[PDB]
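Working notes for the structure below.
Here Cβ is always computed from backbone atoms with ideal geometry, including for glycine, and neighbour counts include all displayed protein chains. We did not get these values from a lab; they are worked out from the coordinates using the rules stated.
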Amino acid sequence: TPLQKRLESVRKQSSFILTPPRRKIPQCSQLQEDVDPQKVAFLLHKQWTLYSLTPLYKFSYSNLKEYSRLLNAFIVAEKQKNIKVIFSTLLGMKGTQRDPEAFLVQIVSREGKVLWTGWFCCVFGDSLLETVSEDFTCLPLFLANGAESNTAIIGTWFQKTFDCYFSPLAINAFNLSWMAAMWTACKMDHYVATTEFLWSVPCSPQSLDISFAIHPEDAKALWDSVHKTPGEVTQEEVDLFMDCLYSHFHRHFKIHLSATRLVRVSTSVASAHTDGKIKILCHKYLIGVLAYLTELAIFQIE
Amino acid sequence: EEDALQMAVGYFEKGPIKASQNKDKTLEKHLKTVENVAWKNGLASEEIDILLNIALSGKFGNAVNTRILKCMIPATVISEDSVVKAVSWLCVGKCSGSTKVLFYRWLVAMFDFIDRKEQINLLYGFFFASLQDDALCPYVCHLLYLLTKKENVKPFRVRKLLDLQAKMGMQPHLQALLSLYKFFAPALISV
């Protein structure tokens, strides 16, 4: 139960038993309780570089001032090798009531020039909560956006004080295509941005990239062509949406896009890269986009 | 004869060098040939480090000429450190700062041979407040790097080390002492 449950989970995950996760179309997530409108709205249109964060040992959402000081005195000491660190519980970035409340880590520089704005969130991540003990407050997702240098310093501090480890979360093109499909399946209005899929062909000498940017309403009507079962999108439906893209690109330019790999799928819901600098959160679906992102972080942790 | 010879050196100190019928460097040099064999018994090291360095004749050459070889044969004892902390008294006589440099180098070099290092550790602040003067900082930093225990890392000492780092340079000796103070209660952080 305290570990052996996780061993059985690892067994289930490694078994790879008929995975196709028929996923519910990201439902309009009415902003739960507090969710500081200024804070969350500041947190939306920021390009979060995802990481996978192992559960934090001996963490508490009461000693935020002590960790703030302990990390502020560490960051400016890494400059010895002007900065304020504000740990801020977000109070609403959680899928179920039992999830740990998401909390921020902002490198505030004089004025509120937030240099780094870290973000640990655990939403709909009850595949990790029910397997880890009480001492660990598990937040699988870590969100950077500040320079990679400051991330590779706060990550070291977190490893030193909490025994949590940051693997840079890399969304594979399979998961990328999945999220590119469930985000054009959403029920949104006033599409903010075009549905762009930045492909990148695997040529050895050259590195040609393709931006198969579709009109966002035109991709919704193309998704409805391959959408038959409502409520949940299947792997076959996602693959048929992606293959309709393939058969509209190889039709035009005679180059098989399916022979290439997704690197970035911009959508009116949320942009999503591969190499880590992934989640822009244009719309307020972020509890669903973050649900997928946390479910993907479990895959890397577990 | 060394105990007799060192008490003669003390007489060489109760009176001037000029008034002496024989040279000090002759008899102290016989003692130095003895040091080339065996320099100072625990009682001998104690006394000859006590009276030769507090205020008396103890020329900043002569007291140093002995201090280069004023260490111990068996081990250095607490009473050696006791009233040479009263040479660390650092006052009208003070065993002026050059001999202080060789003295703190003495302690750094022979920190390994004391019967009760806890006694000197209990004397931590007496040398920590000697860190403020510039000439002994490169050696007192080493000594406290050798003397430091958790009971000696009170936050006011942490702030004094930070004040020393801000006022003075980034000197690697202060960095080494800061590394210890970070290895203990982390009221300060530095890498």
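Straight-line cross-link partners of B:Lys40 among the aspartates and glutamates, defined as a Cα under 16 Å from its Cα and at least 8 positions apart when in the same chain: B:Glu1, B:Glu2, B:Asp3, B:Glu28, B:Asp49, B:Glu80, B:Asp81, B:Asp115.
Here the spin labels are modelled as points 7 Å beyond Cα on the Cα-Cβ line, and at A:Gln206 and B:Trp89 they lie 8.9 nm apart. With a Förster radius of 22 Å applied to the beta-carbon distance between B:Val191 and A:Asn82, the computed FRET efficiency rounds to 0.80. About the centre of its Cα atoms, region A:9-158 shows a dipole size close to 360 debye [charges on the beta carbon of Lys, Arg (+1) and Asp, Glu (-1) only; nearest 20 debye]. Counted residue by residue at 0.36 nm each, then reduced by the alpha carbon distance between them, the extension gain from B:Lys154 to B:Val37 reaches 37.8 nm.
With a Förster radius of 51 Å applied to the beta-carbon distance between A:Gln235 and A:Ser149, the computed FRET efficiency rounds to 0.85. Considering only A:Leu128, A:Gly288, A:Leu104, the residue lying farthest towards the positive end of the dipole of the protein assembly as shown is A:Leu104, judged by Cα position with unit charges set on Cβ.
Which entries in the list A:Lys81/A:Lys279; A:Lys81/B:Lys154; A:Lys39/B:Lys160; A:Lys12/A:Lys46 go over 29 Å, if you measure between the two C-alpha atoms of each? Over 29 Å Cα-Cα: A:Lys81/A:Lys279; A:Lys39/B:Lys160; A:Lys12/A:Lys46.
Extension gain for A:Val192-A:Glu111 works out to 26.1 nm (0.36 nm per residue, less the C-alpha to C-alpha distance). Entry note: the protein assembly as shown has Rg to Rh equal to 1.26, where both radii use alpha-carbon atoms and Rh is the Kirkwood radius. Spacing of the modelled spin labels on A:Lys58 and B:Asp112, each 7 Å from Cα toward Cβ, amounts to 3.5 nm. Across peptide A:66-77, the average count of Cβ atoms from other chains found within 10 Å of a residue's Cβ is 2.
Each helix, a run of at least 4 DSSP H residues, gives -39500 (n - 2.57); summed and divided by the residues of chain A, these come to -12000 deg cm²/dmol at 222 nm. Just in region B:123-171: which trypsin sites (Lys or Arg not before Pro) are loop by DSSP and have at most 14 other Cβ atoms within 10 Å? For trypsin sites (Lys or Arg not before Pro) across region B:123-171 that sit outside H, G, I, E and B with at most 14 neighbouring Cβ atoms in 10 Å, the list reads B:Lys149.
Spin-label pair A:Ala221-A:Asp275: with each label point 7 Å from Cα along the Cα-Cβ axis, the two points sit 3.6 nm from one another. Applying the criteria of a DSSP loop state and at most 15 other Cβ atoms within 10 Å to the trypsin sites (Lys or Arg not before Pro) of region A:206-256 yields A:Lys228, A:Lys254.
With the charge dipole of the protein assembly as shown set up from +1 on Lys and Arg Cβ and -1 on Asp and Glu Cβ about the Cα centre, the Cα lying farthest toward the positive end among the listed residues A:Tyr191, B:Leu56, A:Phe59 is that of B:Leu56. Distance between the C-alpha centres of region A:221-246 and region B:114-128: 77 Å, rounded to the whole angstrom.
In a simple Cβ point-charge model (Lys, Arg +1; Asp, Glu -1; nothing else charged), region A:152-302 has a dipole of about 360 debye relative to its Cα centre.
Pairs exceeding a 29 Å alpha-carbon distance, out of A:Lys79/B:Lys85; A:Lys84/A:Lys187; A:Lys65/A:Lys187; A:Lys65/B:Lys182; A:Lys79/B:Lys94: A:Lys79/B:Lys85; A:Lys84/A:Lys187; A:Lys65/A:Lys187; A:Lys79/B:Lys94.
In region A:38-92, a dipole from Cβ-located charges (positive for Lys and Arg, negative for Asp and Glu) runs towards its positive end, and of A:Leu71, A:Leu50, A:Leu90 it is A:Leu71 whose Cα lies farthest in that direction. For chain B, the Cβ-based charge dipole about the Cα centre amounts to some 680 debye (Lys, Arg positive; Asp, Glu negative; other atoms uncharged).
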